[PDB]
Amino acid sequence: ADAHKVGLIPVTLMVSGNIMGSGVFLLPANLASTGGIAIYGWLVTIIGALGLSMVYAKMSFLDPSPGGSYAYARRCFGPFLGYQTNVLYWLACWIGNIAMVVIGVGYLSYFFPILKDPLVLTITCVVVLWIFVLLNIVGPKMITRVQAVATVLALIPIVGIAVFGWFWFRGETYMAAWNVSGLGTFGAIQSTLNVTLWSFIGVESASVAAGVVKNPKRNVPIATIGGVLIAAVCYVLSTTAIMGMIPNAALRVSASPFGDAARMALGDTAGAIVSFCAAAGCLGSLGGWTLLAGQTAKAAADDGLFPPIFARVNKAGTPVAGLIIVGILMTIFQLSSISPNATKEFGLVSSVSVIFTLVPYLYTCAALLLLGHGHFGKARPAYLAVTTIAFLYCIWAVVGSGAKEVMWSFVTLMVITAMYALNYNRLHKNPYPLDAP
């Protein structure tokens, strides 16, 4: 077993790369419609996200079980909520890969503009998705080595700006666009949170991958907190720097603010470097999220809470069949990129599936308290405060989401309940059974 485990550095880079992914290069454009007051939103977000990372760090320290959220939910609420957690999270992992491959290949269209035709884009995205399924089949050491390189590459423009763009930063420029939302202070913060709360999806990555991590009781907590801290610093420093270097009006309209600012600062090679690095961050993220889909489904199947095919492994313990099934499913949904109307159709699916992840987060918070109270000792109030902050993070993210996406998430939970009952009656053990027939 020990020979197929992933070390601390690649797992930390997988956390930070799964978090920062496609979004990091788009954040400044998204927050430009609010303005520099977004710094307040960032403060709230980073406190909530750190809180949630600490929950995952402590829960994984107490229980480094394969599958992360799934395992915790099963421990504290039982097989039905474990089943629910895995279905939601597995769906979120592979459905989110469609949007991500489209973005990463889109960045590559800077070099090969043929990649902007919907048909060529769709074929290319299917190819790339299978590349990252195949790298996962080679194994977790391969996929995390690939993602570690891709994540460092993607950090080049982000860290570059965060450290050196301050030489061009102007506070006059930042403050001239302090609040362009047309909203009062609370509304402007809310419009920020509508973006930023969703920027830390992936904080659970090491916890979910604990079955393939070396010394997980030590490394999953470090990688979780460290990955979140990398992302938080990168986010704040880079979005702040950009808003002080580029007038708000241009930032609003830019589809690639880092790349549009680079291509016009240090020349065309700079736009090239940025586009390449941003593609690398996206595509590496594909590898990591596919790994996580295979891992959640294997852990659930290993407990009899998902079809047995998802627990079938090769000699190294890789769920090869599960990874192939995810590849097929992603290929089918990837057809959505074939036209603008096809992509608009698939869009609601993508938006709903992002909400799915918050239920795993909510149950992990619950589980830390419900399972771990005997480990808090004198620090119990601290554990209660941090976990309450993490709960608020999750709830606030939903409060600010579109009503239609949350409604279809509600419906999905209902369908999962019916599926569990119809598929698992006579296998399910009841905490308070009726008397014998």
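For every residue, the number given is its place in the sequence shown, counted from 1.
- The mean C-alpha temperature factor is higher for 266-274 when 266-274 and 98-106 are set side by side.
- Stretches compared: 369-377, 406-414. Higher mean C-alpha B-factor in the entry: 369-377.
- Highest CA B-factor among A32, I395, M59, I46, as stated in the entry: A32.
- Note on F77, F306, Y174, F132: the highest value goes to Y174, judged by CA B factor as recorded.
- In the deposited entry, the Cα temperature factor of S22 sits in the top third of values across the chain's modelled residues.
- In the PDB entry, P66 places in the middle third of its chain by CA B-factor.
- The entry lists a Cα temperature factor for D302 that places it in the middle third of the chain's modelled residues.
- Annotation for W90: C-alpha temperature factor in the lowest third relative to the rest of the modelled chain, per the entry.
- When the modelled residues of the chain are ordered by C-alpha B-factor, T185 sits in the middle third.
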